[PDB]
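Q: Structure below; questions to follow.
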Amino acid sequence: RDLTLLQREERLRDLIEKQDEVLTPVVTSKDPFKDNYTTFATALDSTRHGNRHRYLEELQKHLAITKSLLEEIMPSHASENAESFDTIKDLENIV
Amino acid sequence: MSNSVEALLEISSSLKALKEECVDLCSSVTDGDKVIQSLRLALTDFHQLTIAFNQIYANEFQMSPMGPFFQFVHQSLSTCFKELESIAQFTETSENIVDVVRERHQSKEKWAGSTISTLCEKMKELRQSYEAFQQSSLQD
Amino acid sequence: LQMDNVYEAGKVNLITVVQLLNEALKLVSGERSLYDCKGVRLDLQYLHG
Amino acid sequence: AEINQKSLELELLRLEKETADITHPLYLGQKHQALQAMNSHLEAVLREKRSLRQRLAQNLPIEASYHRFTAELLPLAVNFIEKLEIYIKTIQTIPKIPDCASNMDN
């Protein structure tokens with residue numbers, strides 16, 4: 001009984017030691033990451049609702065207007081309305 | 001003797017109860033050593049990526065930057081298209097249905113015999129006839 | 001509206017197209033403000049029912 | 001002798017249950033998966049750092065993850081412009097939509 005229990009405890013210790021070595025660095029850097037990532041994601045979410053470089057810069061200026069106009073024109077249920085089209089057509093055929 | 005036998009029955013019952021609780025633990029000996037190695041790699045990567053992100057977040061967030069503008073405009077414009085088409089279809093369908101039903105109520109056809117009538121009139125006539133037949137049978 | 005030609009040297013000017021798109025969207029914005037102030041909702045559940 | 005054997009077995013099983021969350025392959029496997037998903041996500045974010053920066057601040061050298069959106073934008077814009085009048089009429093019909101729904105119901 002004593003030999004059998006000792007063999008099992010040794011195996012458990014080996015396994016815990018291998019895990020501690022790799023988990024310790026990740027837990028220490030967690031809080032700064034979570035906070036930086038959340039602030040980043042919230043900032044990104046607020047934006048959704050000649051020389052070739054020079055060209056892409058001019059294009060960006062106009063696409064920015066486009067993005068602003070689309071955010072203004074689009075109703076809150078626009079996506080739901082867009083899904084109703086097939087259902088409307090089915091009703092007509094049944095009648 | 002009587003005490004030993006009672007001790008066996010108690011321990012046997014305790015073992016049976018614990019084996020049932022540990023059903024998920026009893027499956028296939030996959031090489032525990034392999035899973036740990038894999039976990040080690042994933043954690044190590046995760047740690048490296050978190051650091052890399054924090055570094056970029058502090059320096060740049062806190063290749064042309066044009067990719068996200070294209071995606072947004074594309075998806076928003078597409079949704080706008082589909083929405084307007086749906087509104088138009090609803091109006092058309094509603095009007096078509098009103099016409100089909102109106103035509104059915106007003107259309108005159110030779111249904112039975114020599115007389116032309118609407119479907120509603122002929123149906124009423126037929127109903128009256130069987131009401132009359134039933135009344136003549138209850139007075140019997 | 002300082003807009004270049006839609007087609008320059010026989011090729012499509014993407015910037016002009018986007019500019020036209022912006023004007024089109026303004027028109028659409030104006031019309032939606034007049035006729036769809038509250039945003040029209042097609043009750044999908046009603047239609048399915 | 002029989003009691004002693006079963007007692008040992010019980011003791012062993014109890015030890016295994018108490019340490020399963022950190023030791024058993026099943027539970028360790030689940031933790032691996034969750035970690036791999038996040039890694040992949042972060043890799044993507046790092047790959048699109050420039051575009052994301054430009055958005056926050058607001059051949060053609062565009063990041064490969066966005067080639068599709070860029071290529072398809074032209075046709076989409078053309079189509080919208082061409083159907084502009086139809087979209088305007090449609091928008092004008094929006095106040096009639098409740099009447100249309102009532103007549104149909106009748």
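For the structure tokens, the naming scheme is as follows: chains receive sequential letters (A, B, ...) according to their order of presentation, residues are indexed from 1 within each chain, and ligands are indexed from 1 in presentation order.
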How close does chain D get to chain A? List, as JSON lines, each residue of chain D within 10 Å, its nearest atom pair and the distance in Å to one decimal, counting only C-alpha atoms.
A:
{"residue": "D:4", "atom": "CA", "partner": "A:1", "partner_atom": "CA", "distance": 8.9}
{"residue": "D:5", "atom": "CA", "partner": "A:1", "partner_atom": "CA", "distance": 8.8}
{"residue": "D:7", "atom": "CA", "partner": "A:1", "partner_atom": "CA", "distance": 9.5}
{"residue": "D:8", "atom": "CA", "partner": "A:1", "partner_atom": "CA", "distance": 6.5}
{"residue": "D:9", "atom": "CA", "partner": "A:1", "partner_atom": "CA", "distance": 9.6}
{"residue": "D:11", "atom": "CA", "partner": "A:5", "partner_atom": "CA", "distance": 8.5}
{"residue": "D:12", "atom": "CA", "partner": "A:5", "partner_atom": "CA", "distance": 7.3}
{"residue": "D:15", "atom": "CA", "partner": "A:8", "partner_atom": "CA", "distance": 8.6}
{"residue": "D:16", "atom": "CA", "partner": "A:8", "partner_atom": "CA", "distance": 8.9}
{"residue": "D:19", "atom": "CA", "partner": "A:12", "partner_atom": "CA", "distance": 8.1}
{"residue": "D:22", "atom": "CA", "partner": "A:16", "partner_atom": "CA", "distance": 7.7}
{"residue": "D:23", "atom": "CA", "partner": "A:15", "partner_atom": "CA", "distance": 6.9}
{"residue": "D:52", "atom": "CA", "partner": "A:44", "partner_atom": "CA", "distance": 7.8}
{"residue": "D:53", "atom": "CA", "partner": "A:44", "partner_atom": "CA", "distance": 9.4}
{"residue": "D:54", "atom": "CA", "partner": "A:60", "partner_atom": "CA", "distance": 9.5}
{"residue": "D:55", "atom": "CA", "partner": "A:47", "partner_atom": "CA", "distance": 7.4}
{"residue": "D:56", "atom": "CA", "partner": "A:44", "partner_atom": "CA", "distance": 6.4}
{"residue": "D:57", "atom": "CA", "partner": "A:47", "partner_atom": "CA", "distance": 9.9}
{"residue": "D:58", "atom": "CA", "partner": "A:64", "partner_atom": "CA", "distance": 7.6}
{"residue": "D:59", "atom": "CA", "partner": "A:52", "partner_atom": "CA", "distance": 8.6}
{"residue": "D:60", "atom": "CA", "partner": "A:52", "partner_atom": "CA", "distance": 6.8}
{"residue": "D:61", "atom": "CA", "partner": "A:53", "partner_atom": "CA", "distance": 8.0}
{"residue": "D:62", "atom": "CA", "partner": "A:56", "partner_atom": "CA", "distance": 9.3}
Q: I need the chosen residues saved as a PDB file, in the first residue's frame, with N, CA and C atoms.
A:
ATOM      1  N   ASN D   4      -8.437  -5.388   2.488  1.00  0.00           N
ATOM      2  CA  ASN D   4      -7.243  -4.576   2.289  1.00  0.00           C
ATOM      3  C   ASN D   4      -7.051  -4.210   0.821  1.00  0.00           C
ATOM      4  N   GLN D   5      -7.318  -5.115  -0.081  1.00  0.00           N
ATOM      5  CA  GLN D   5      -7.183  -4.854  -1.511  1.00  0.00           C
ATOM      6  C   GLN D   5      -8.204  -3.820  -1.979  1.00  0.00           C
ATOM      7  N   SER D   7      -9.744  -1.652  -0.219  1.00  0.00           N
ATOM      8  CA  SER D   7      -9.439  -0.389   0.445  1.00  0.00           C
ATOM      9  C   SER D   7      -8.353   0.379  -0.302  1.00  0.00           C
ATOM     10  N   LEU D   8      -7.392  -0.272  -0.810  1.00  0.00           N
ATOM     11  CA  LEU D   8      -6.330   0.362  -1.582  1.00  0.00           C
ATOM     12  C   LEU D   8      -6.870   0.923  -2.894  1.00  0.00           C
ATOM     13  N   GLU D   9      -7.657   0.121  -3.490  1.00  0.00           N
ATOM     14  CA  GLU D   9      -8.278   0.567  -4.734  1.00  0.00           C
ATOM     15  C   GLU D   9      -9.096   1.838  -4.520  1.00  0.00           C
ATOM     16  N   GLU D  11      -8.680   4.079  -2.244  1.00  0.00           N
ATOM     17  CA  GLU D  11      -7.771   5.180  -1.939  1.00  0.00           C
ATOM     18  C   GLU D  11      -7.133   5.736  -3.208  1.00  0.00           C
ATOM     19  N   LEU D  12      -6.852   4.842  -4.110  1.00  0.00           N
ATOM     20  CA  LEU D  12      -6.231   5.261  -5.361  1.00  0.00           C
ATOM     21  C   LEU D  12      -7.218   6.046  -6.220  1.00  0.00           C
ATOM     22  N   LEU D  15      -7.700   9.612  -4.975  1.00  0.00           N
ATOM     23  CA  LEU D  15      -6.588  10.499  -5.287  1.00  0.00           C
ATOM     24  C   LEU D  15      -6.666  10.984  -6.731  1.00  0.00           C
ATOM     25  N   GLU D  16      -7.044  10.110  -7.597  1.00  0.00           N
ATOM     26  CA  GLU D  16      -7.167  10.451  -9.011  1.00  0.00           C
ATOM     27  C   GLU D  16      -8.296  11.451  -9.240  1.00  0.00           C
ATOM     28  N   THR D  19      -7.445  15.221  -8.360  1.00  0.00           N
ATOM     29  CA  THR D  19      -6.418  15.928  -9.115  1.00  0.00           C
ATOM     30  C   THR D  19      -6.717  15.880 -10.611  1.00  0.00           C
ATOM     31  N   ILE D  22      -6.353  19.045 -13.304  1.00  0.00           N
ATOM     32  CA  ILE D  22      -5.032  19.558 -13.649  1.00  0.00           C
ATOM     33  C   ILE D  22      -4.155  18.419 -14.165  1.00  0.00           C
ATOM     34  N   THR D  23      -4.739  17.392 -14.229  1.00  0.00           N
ATOM     35  CA  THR D  23      -3.849  16.295 -14.597  1.00  0.00           C
ATOM     36  C   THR D  23      -4.463  15.451 -15.710  1.00  0.00           C
ATOM     37  N   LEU D  52      -5.688  49.019 -39.359  1.00  0.00           N
ATOM     38  CA  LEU D  52      -6.429  49.301 -38.135  1.00  0.00           C
ATOM     39  C   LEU D  52      -6.031  50.655 -37.555  1.00  0.00           C
ATOM     40  N   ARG D  53      -4.796  50.977 -37.718  1.00  0.00           N
ATOM     41  CA  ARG D  53      -4.306  52.268 -37.247  1.00  0.00           C
ATOM     42  C   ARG D  53      -4.920  53.412 -38.049  1.00  0.00           C
ATOM     43  N   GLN D  54      -4.963  53.252 -39.310  1.00  0.00           N
ATOM     44  CA  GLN D  54      -5.538  54.249 -40.207  1.00  0.00           C
ATOM     45  C   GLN D  54      -7.015  54.478 -39.899  1.00  0.00           C
ATOM     46  N   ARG D  55      -7.705  53.414 -39.566  1.00  0.00           N
ATOM     47  CA  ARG D  55      -9.130  53.510 -39.264  1.00  0.00           C
ATOM     48  C   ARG D  55      -9.361  54.227 -37.938  1.00  0.00           C
ATOM     49  N   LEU D  56      -8.493  54.048 -37.032  1.00  0.00           N
ATOM     50  CA  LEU D  56      -8.642  54.661 -35.717  1.00  0.00           C
ATOM     51  C   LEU D  56      -8.299  56.145 -35.766  1.00  0.00           C
ATOM     52  N   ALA D  57      -7.381  56.439 -36.682  1.00  0.00           N
ATOM     53  CA  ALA D  57      -6.927  57.823 -36.800  1.00  0.00           C
ATOM     54  C   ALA D  57      -7.937  58.668 -37.570  1.00  0.00           C
ATOM     55  N   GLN D  58      -8.847  58.114 -38.361  1.00  0.00           N
ATOM     56  CA  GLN D  58      -9.784  58.812 -39.234  1.00  0.00           C
ATOM     57  C   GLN D  58     -10.919  59.440 -38.432  1.00  0.00           C
ATOM     58  N   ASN D  59       1.208  47.369 -58.741  1.00  0.00           N
ATOM     59  CA  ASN D  59       0.142  46.864 -57.883  1.00  0.00           C
ATOM     60  C   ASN D  59      -0.150  47.820 -56.729  1.00  0.00           C
ATOM     61  N   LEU D  60      -1.303  47.800 -56.179  1.00  0.00           N
ATOM     62  CA  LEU D  60      -1.677  48.628 -55.037  1.00  0.00           C
ATOM     63  C   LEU D  60      -1.256  47.971 -53.727  1.00  0.00           C
ATOM     64  N   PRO D  61      -0.567  48.679 -52.912  1.00  0.00           N
ATOM     65  CA  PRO D  61      -0.097  48.115 -51.644  1.00  0.00           C
ATOM     66  C   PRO D  61      -1.197  48.042 -50.587  1.00  0.00           C
ATOM     67  N   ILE D  62      -1.928  46.994 -50.650  1.00  0.00           N
ATOM     68  CA  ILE D  62      -3.002  46.743 -49.693  1.00  0.00           C
ATOM     69  C   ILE D  62      -2.793  45.385 -49.028  1.00  0.00           C
TER      70      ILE D  62
END
Q: Sorted by chain and rising residue number, which residues of chain B lie within 10 Å of chain C, and what are their closest atom pairs and distances in Å to one decimal, counting only C-alpha atoms, as CSV?
A:
residue,atom,partner,partner_atom,distance
B:77,CA,C:25,CA,9.8
B:83,CA,C:42,CA,9.8
B:86,CA,C:42,CA,8.7
B:87,CA,C:42,CA,7.7
B:90,CA,C:42,CA,8.6
Q: Find the residues in chain D near chain B: any atom within 7 Å counts, using only C-alpha atoms. Write them as an mmCIF file with N, CA and C atoms, in the first residue's frame.
A:
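Listed below is the output, selection29.cif:
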data_model
loop_
_atom_site.group_PDB
_atom_site.id
_atom_site.type_symbol
_atom_site.label_atom_id
_atom_site.label_comp_id
_atom_site.auth_asym_id
_atom_site.auth_seq_id
_atom_site.Cartn_x
_atom_site.Cartn_y
_atom_site.Cartn_z
ATOM 1 N N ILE D 3 -10.455 -7.175 1.995
ATOM 2 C CA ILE D 3 -10.780 -5.838 2.481
ATOM 3 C C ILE D 3 -9.599 -4.901 2.240
ATOM 4 N N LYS D 6 -9.320 -3.942 -1.596
ATOM 5 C CA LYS D 6 -10.385 -3.026 -1.994
ATOM 6 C C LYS D 6 -10.202 -1.657 -1.345
ATOM 7 N N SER D 7 -9.744 -1.652 -0.219
ATOM 8 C CA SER D 7 -9.439 -0.389 0.445
ATOM 9 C C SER D 7 -8.353 0.379 -0.302
ATOM 10 N N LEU D 10 -9.797 1.894 -3.526
ATOM 11 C CA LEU D 10 -10.609 3.052 -3.171
ATOM 12 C C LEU D 10 -9.734 4.275 -2.921
ATOM 13 N N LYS D 17 -9.330 11.397 -8.637
ATOM 14 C CA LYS D 17 -10.487 12.279 -8.767
ATOM 15 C C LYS D 17 -10.178 13.675 -8.233
ATOM 16 N N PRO D 25 -6.012 14.197 -19.158
ATOM 17 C CA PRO D 25 -5.895 14.648 -20.546
ATOM 18 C C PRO D 25 -7.164 15.332 -21.053
ATOM 19 N N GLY D 29 -6.879 19.123 -22.435
ATOM 20 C CA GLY D 29 -7.200 19.314 -23.840
ATOM 21 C C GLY D 29 -8.129 20.488 -24.084
ATOM 22 N N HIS D 32 -6.317 23.804 -23.977
ATOM 23 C CA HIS D 32 -5.460 23.977 -25.145
ATOM 24 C C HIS D 32 -6.230 24.606 -26.303
ATOM 25 N N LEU D 35 -6.882 28.285 -25.838
ATOM 26 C CA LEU D 35 -5.659 29.065 -25.994
ATOM 27 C C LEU D 35 -5.283 29.200 -27.466
ATOM 28 N N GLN D 36 -5.512 28.253 -28.286
ATOM 29 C CA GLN D 36 -5.175 28.273 -29.705
ATOM 30 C C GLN D 36 -6.074 29.239 -30.471
ATOM 31 N N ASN D 39 -4.817 32.788 -29.945
ATOM 32 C CA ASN D 39 -3.543 32.980 -30.631
ATOM 33 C C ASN D 39 -3.747 33.336 -32.101
ATOM 34 N N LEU D 42 -5.005 36.911 -32.387
ATOM 35 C CA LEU D 42 -3.993 37.934 -32.145
ATOM 36 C C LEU D 42 -3.012 38.014 -33.310
ATOM 37 N N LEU D 46 -2.327 41.572 -35.487
ATOM 38 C CA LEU D 46 -0.971 42.072 -35.683
ATOM 39 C C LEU D 46 -0.639 42.173 -37.168
ATOM 40 N N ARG D 50 -1.541 48.169 -39.647
ATOM 41 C CA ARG D 50 -1.511 49.426 -40.389
ATOM 42 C C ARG D 50 -2.922 49.919 -40.687
ATOM 43 N N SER D 51 -3.772 49.065 -41.257
ATOM 44 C CA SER D 51 -5.149 49.376 -41.623
ATOM 45 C C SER D 51 -5.972 49.764 -40.398
ATOM 46 N N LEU D 52 -5.688 49.019 -39.359
ATOM 47 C CA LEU D 52 -6.429 49.301 -38.135
ATOM 48 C C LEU D 52 -6.031 50.655 -37.555
ATOM 49 N N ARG D 53 -4.796 50.977 -37.718
ATOM 50 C CA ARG D 53 -4.306 52.268 -37.247
ATOM 51 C C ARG D 53 -4.920 53.412 -38.049
ATOM 52 N N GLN D 54 -4.963 53.252 -39.310
ATOM 53 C CA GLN D 54 -5.538 54.249 -40.207
ATOM 54 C C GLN D 54 -7.015 54.478 -39.899
ATOM 55 N N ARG D 55 -7.705 53.414 -39.566
ATOM 56 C CA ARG D 55 -9.130 53.510 -39.264
ATOM 57 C C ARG D 55 -9.361 54.227 -37.938
ATOM 58 N N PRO D 61 -0.567 48.679 -52.912
ATOM 59 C CA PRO D 61 -0.097 48.115 -51.644
ATOM 60 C C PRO D 61 -1.197 48.042 -50.587
ATOM 61 N N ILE D 62 -1.928 46.994 -50.650
ATOM 62 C CA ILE D 62 -3.002 46.743 -49.693
ATOM 63 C C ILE D 62 -2.793 45.385 -49.028
ATOM 64 N N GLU D 63 -3.067 45.383 -47.787
ATOM 65 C CA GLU D 63 -2.935 44.129 -47.053
ATOM 66 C C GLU D 63 -3.786 43.029 -47.682
ATOM 67 N N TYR D 66 -7.689 42.065 -47.214
ATOM 68 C CA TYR D 66 -8.706 43.032 -47.615
ATOM 69 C C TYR D 66 -8.830 43.096 -49.133
ATOM 70 N N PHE D 69 -12.512 42.924 -50.668
ATOM 71 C CA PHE D 69 -13.357 44.089 -50.426
ATOM 72 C C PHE D 69 -12.972 45.238 -51.349
ATOM 73 N N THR D 70 -11.768 45.237 -51.623
ATOM 74 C CA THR D 70 -11.293 46.308 -52.492
ATOM 75 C C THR D 70 -11.684 46.041 -53.943
ATOM 76 N N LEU D 73 -15.710 46.429 -54.593
ATOM 77 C CA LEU D 73 -16.295 47.724 -54.265
ATOM 78 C C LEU D 73 -16.733 48.460 -55.527
ATOM 79 N N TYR D 87 -34.406 53.395 -56.197
ATOM 80 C CA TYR D 87 -34.294 53.422 -54.742
ATOM 81 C C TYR D 87 -35.021 54.628 -54.162
ATOM 82 N N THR D 90 -38.787 53.874 -54.245
ATOM 83 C CA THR D 90 -39.068 52.899 -53.196
ATOM 84 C C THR D 90 -39.168 53.582 -51.835
ATOM 85 N N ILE D 97 -46.856 51.792 -46.773
ATOM 86 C CA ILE D 97 -46.613 50.396 -46.431
ATOM 87 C C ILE D 97 -47.660 49.921 -45.426
ATOM 88 N N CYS D 100 -50.961 49.298 -47.322
ATOM 89 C CA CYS D 100 -50.799 48.109 -48.149
ATOM 90 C C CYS D 100 -50.968 46.841 -47.321
ATOM 91 N N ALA D 101 -50.424 46.861 -46.124
ATOM 92 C CA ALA D 101 -50.528 45.698 -45.245
ATOM 93 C C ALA D 101 -51.974 45.465 -44.814
ATOM 94 N N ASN D 103 -54.909 46.383 -46.446
ATOM 95 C CA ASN D 103 -55.671 45.936 -47.609
ATOM 96 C C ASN D 103 -55.404 44.467 -47.922
ATOM 97 N N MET D 104 -54.230 44.122 -47.855
ATOM 98 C CA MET D 104 -53.872 42.724 -48.084
ATOM 99 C C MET D 104 -54.540 41.815 -47.060
#
Q: Could you list the residues in chain A lying within 8 Å of chain B, using only C-alpha atoms, and format the result as a PDB file with N, CA and C atoms, in the first residue's frame?
A:
ATOM      1  N   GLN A  19       3.716  22.190 -15.452  1.00  0.00           N
ATOM      2  CA  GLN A  19       2.672  23.169 -15.735  1.00  0.00           C
ATOM      3  C   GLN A  19       2.997  24.518 -15.101  1.00  0.00           C
ATOM      4  N   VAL A  22       5.253  27.007 -17.072  1.00  0.00           N
ATOM      5  CA  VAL A  22       4.750  27.627 -18.293  1.00  0.00           C
ATOM      6  C   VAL A  22       3.598  28.573 -17.955  1.00  0.00           C
ATOM      7  N   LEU A  23       2.870  28.479 -16.904  1.00  0.00           N
ATOM      8  CA  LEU A  23       1.694  29.269 -16.549  1.00  0.00           C
ATOM      9  C   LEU A  23       2.100  30.569 -15.864  1.00  0.00           C
ATOM     10  N   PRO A  25       4.435  32.950 -16.395  1.00  0.00           N
ATOM     11  CA  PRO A  25       4.634  34.148 -17.214  1.00  0.00           C
ATOM     12  C   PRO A  25       3.331  34.694 -17.789  1.00  0.00           C
ATOM     13  N   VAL A  26       2.356  33.881 -18.059  1.00  0.00           N
ATOM     14  CA  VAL A  26       1.098  34.257 -18.699  1.00  0.00           C
ATOM     15  C   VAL A  26       0.191  34.953 -17.686  1.00  0.00           C
ATOM     16  N   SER A  29       1.286  38.815 -17.089  1.00  0.00           N
ATOM     17  CA  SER A  29       1.062  39.746 -18.188  1.00  0.00           C
ATOM     18  C   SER A  29      -0.416  39.825 -18.555  1.00  0.00           C
ATOM     19  N   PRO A  32      -2.538  43.708 -17.916  1.00  0.00           N
ATOM     20  CA  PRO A  32      -2.219  44.749 -18.896  1.00  0.00           C
ATOM     21  C   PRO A  32      -2.755  44.430 -20.289  1.00  0.00           C
ATOM     22  N   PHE A  33      -2.814  43.281 -20.682  1.00  0.00           N
ATOM     23  CA  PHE A  33      -3.303  42.857 -21.988  1.00  0.00           C
ATOM     24  C   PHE A  33      -4.813  43.042 -22.086  1.00  0.00           C
ATOM     25  N   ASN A  36      -5.674  46.688 -22.291  1.00  0.00           N
ATOM     26  CA  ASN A  36      -5.268  47.297 -23.553  1.00  0.00           C
ATOM     27  C   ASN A  36      -6.117  46.794 -24.716  1.00  0.00           C
ATOM     28  N   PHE A  40      -8.875  48.993 -26.952  1.00  0.00           N
ATOM     29  CA  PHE A  40      -8.641  48.927 -28.390  1.00  0.00           C
ATOM     30  C   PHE A  40      -9.912  48.521 -29.127  1.00  0.00           C
ATOM     31  N   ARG A  48     -17.471  51.848 -36.969  1.00  0.00           N
ATOM     32  CA  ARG A  48     -18.175  50.978 -37.905  1.00  0.00           C
ATOM     33  C   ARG A  48     -19.601  51.462 -38.135  1.00  0.00           C
ATOM     34  N   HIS A  53       0.750  55.769 -53.320  1.00  0.00           N
ATOM     35  CA  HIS A  53       0.465  56.112 -51.931  1.00  0.00           C
ATOM     36  C   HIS A  53      -0.366  57.386 -51.836  1.00  0.00           C
ATOM     37  N   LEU A  56      -3.990  56.329 -52.817  1.00  0.00           N
ATOM     38  CA  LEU A  56      -4.724  55.650 -51.755  1.00  0.00           C
ATOM     39  C   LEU A  56      -5.131  56.631 -50.662  1.00  0.00           C
ATOM     40  N   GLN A  60      -8.948  57.461 -49.705  1.00  0.00           N
ATOM     41  CA  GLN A  60      -9.330  57.349 -48.300  1.00  0.00           C
ATOM     42  C   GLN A  60     -10.179  58.540 -47.865  1.00  0.00           C
ATOM     43  N   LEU A  63     -13.657  57.817 -49.322  1.00  0.00           N
ATOM     44  CA  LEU A  63     -14.272  56.649 -48.698  1.00  0.00           C
ATOM     45  C   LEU A  63     -14.696  56.957 -47.267  1.00  0.00           C
ATOM     46  N   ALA A  64     -13.955  57.882 -46.660  1.00  0.00           N
ATOM     47  CA  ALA A  64     -14.342  58.325 -45.323  1.00  0.00           C
ATOM     48  C   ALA A  64     -15.687  59.044 -45.350  1.00  0.00           C
ATOM     49  N   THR A  66     -17.916  58.450 -47.618  1.00  0.00           N
ATOM     50  CA  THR A  66     -18.863  57.382 -47.923  1.00  0.00           C
ATOM     51  C   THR A  66     -19.280  56.652 -46.651  1.00  0.00           C
ATOM     52  N   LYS A  67     -18.279  56.313 -45.899  1.00  0.00           N
ATOM     53  CA  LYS A  67     -18.537  55.631 -44.635  1.00  0.00           C
ATOM     54  C   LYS A  67     -19.456  56.458 -43.740  1.00  0.00           C
ATOM     55  N   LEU A  70     -23.101  56.411 -45.171  1.00  0.00           N
ATOM     56  CA  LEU A  70     -23.752  55.114 -45.016  1.00  0.00           C
ATOM     57  C   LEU A  70     -24.185  54.894 -43.569  1.00  0.00           C
ATOM     58  N   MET A  74     -28.371  54.411 -43.047  1.00  0.00           N
ATOM     59  CA  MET A  74     -28.791  53.052 -42.722  1.00  0.00           C
ATOM     60  C   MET A  74     -29.638  53.032 -41.454  1.00  0.00           C
ATOM     61  N   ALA A  78     -32.235  47.687 -40.857  1.00  0.00           N
ATOM     62  CA  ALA A  78     -31.943  47.507 -42.277  1.00  0.00           C
ATOM     63  C   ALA A  78     -31.602  46.051 -42.587  1.00  0.00           C
ATOM     64  N   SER A  79     -30.894  45.431 -41.737  1.00  0.00           N
ATOM     65  CA  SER A  79     -30.510  44.038 -41.945  1.00  0.00           C
ATOM     66  C   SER A  79     -31.721  43.113 -41.867  1.00  0.00           C
ATOM     67  N   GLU A  80     -32.692  43.394 -40.971  1.00  0.00           N
ATOM     68  CA  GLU A  80     -33.913  42.606 -40.832  1.00  0.00           C
ATOM     69  C   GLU A  80     -34.826  42.787 -42.041  1.00  0.00           C
ATOM     70  N   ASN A  81     -34.969  43.890 -42.429  1.00  0.00           N
ATOM     71  CA  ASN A  81     -35.766  44.168 -43.619  1.00  0.00           C
ATOM     72  C   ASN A  81     -35.230  43.425 -44.840  1.00  0.00           C
ATOM     73  N   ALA A  82     -33.881  43.441 -44.923  1.00  0.00           N
ATOM     74  CA  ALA A  82     -33.259  42.791 -46.074  1.00  0.00           C
ATOM     75  C   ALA A  82     -33.549  41.292 -46.080  1.00  0.00           C
ATOM     76  N   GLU A  83     -33.793  40.626 -44.961  1.00  0.00           N
ATOM     77  CA  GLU A  83     -34.030  39.190 -44.838  1.00  0.00           C
ATOM     78  C   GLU A  83     -35.479  38.840 -45.165  1.00  0.00           C
ATOM     79  N   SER A  84     -36.410  39.725 -45.174  1.00  0.00           N
ATOM     80  CA  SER A  84     -37.839  39.503 -45.367  1.00  0.00           C
ATOM     81  C   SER A  84     -38.172  39.291 -46.840  1.00  0.00           C
ATOM     82  N   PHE A  85     -37.401  39.604 -47.809  1.00  0.00           N
ATOM     83  CA  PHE A  85     -37.660  39.559 -49.243  1.00  0.00           C
ATOM     84  C   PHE A  85     -38.160  38.182 -49.659  1.00  0.00           C
ATOM     85  N   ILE A  88     -41.775  37.241 -48.461  1.00  0.00           N
ATOM     86  CA  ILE A  88     -42.806  38.006 -49.156  1.00  0.00           C
ATOM     87  C   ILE A  88     -43.138  37.335 -50.485  1.00  0.00           C
ATOM     88  N   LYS A  89     -42.187  36.927 -51.180  1.00  0.00           N
ATOM     89  CA  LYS A  89     -42.379  36.226 -52.446  1.00  0.00           C
ATOM     90  C   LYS A  89     -43.090  34.892 -52.235  1.00  0.00           C
ATOM     91  N   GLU A  92     -47.015  35.418 -51.837  1.00  0.00           N
ATOM     92  CA  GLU A  92     -47.678  35.690 -53.109  1.00  0.00           C
ATOM     93  C   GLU A  92     -47.956  34.398 -53.874  1.00  0.00           C
ATOM     94  N   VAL A  95     -50.933  32.261 -52.422  1.00  0.00           N
ATOM     95  CA  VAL A  95     -52.248  32.854 -52.630  1.00  0.00           C
ATOM     96  C   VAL A  95     -52.725  32.569 -54.053  1.00  0.00           C
TER      97      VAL A  95
END
Q: Between A:37, A:20, A:75, A:93, which is the closest to residue 36 (chain C) once you count only C-alpha atoms?
A: A:75
Q: Write out as a ChimeraX atom specification which residues come within 9 Å of region 28-32 of chain C when counting only C-alpha atoms, dropping same-chain ones fewer than 6 positions away.
A: /A:69-70,72-74 /C:39 /D:84,87-88,91-92
Q: Write out the residues from the selection above, keeping N, CA and C atoms, as an mmCIF file, in the first residue's frame.
A:
data_model
loop_
_atom_site.group_PDB
_atom_site.id
_atom_site.type_symbol
_atom_site.label_atom_id
_atom_site.label_comp_id
_atom_site.auth_asym_id
_atom_site.auth_seq_id
_atom_site.Cartn_x
_atom_site.Cartn_y
_atom_site.Cartn_z
ATOM 1 N N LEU A 69 -21.736 58.769 -44.655
ATOM 2 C CA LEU A 69 -23.055 58.843 -45.277
ATOM 3 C C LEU A 69 -23.829 57.548 -45.065
ATOM 4 N N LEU A 70 -23.101 56.411 -45.171
ATOM 5 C CA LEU A 70 -23.752 55.114 -45.016
ATOM 6 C C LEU A 70 -24.185 54.894 -43.569
ATOM 7 N N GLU A 72 -25.174 57.179 -41.676
ATOM 8 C CA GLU A 72 -26.291 58.092 -41.451
ATOM 9 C C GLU A 72 -27.569 57.573 -42.105
ATOM 10 N N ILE A 73 -27.482 56.962 -43.255
ATOM 11 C CA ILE A 73 -28.619 56.572 -44.083
ATOM 12 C C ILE A 73 -29.189 55.247 -43.584
ATOM 13 N N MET A 74 -28.371 54.411 -43.047
ATOM 14 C CA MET A 74 -28.791 53.052 -42.722
ATOM 15 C C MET A 74 -29.638 53.032 -41.454
ATOM 16 N N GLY C 39 -37.531 55.156 -39.782
ATOM 17 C CA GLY C 39 -37.051 53.898 -40.329
ATOM 18 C C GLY C 39 -38.139 52.847 -40.452
ATOM 19 N N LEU D 84 -30.368 54.249 -58.674
ATOM 20 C CA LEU D 84 -30.638 55.331 -57.734
ATOM 21 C C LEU D 84 -32.096 55.770 -57.818
ATOM 22 N N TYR D 87 -34.406 53.395 -56.197
ATOM 23 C CA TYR D 87 -34.294 53.422 -54.742
ATOM 24 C C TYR D 87 -35.021 54.628 -54.162
ATOM 25 N N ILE D 88 -35.049 55.657 -54.880
ATOM 26 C CA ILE D 88 -35.730 56.862 -54.424
ATOM 27 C C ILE D 88 -37.241 56.636 -54.436
ATOM 28 N N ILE D 91 -38.352 54.487 -51.635
ATOM 29 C CA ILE D 91 -38.334 55.201 -50.364
ATOM 30 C C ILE D 91 -39.589 56.061 -50.238
ATOM 31 N N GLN D 92 -40.148 56.500 -51.334
ATOM 32 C CA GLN D 92 -41.343 57.336 -51.346
ATOM 33 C C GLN D 92 -42.591 56.517 -51.027
#
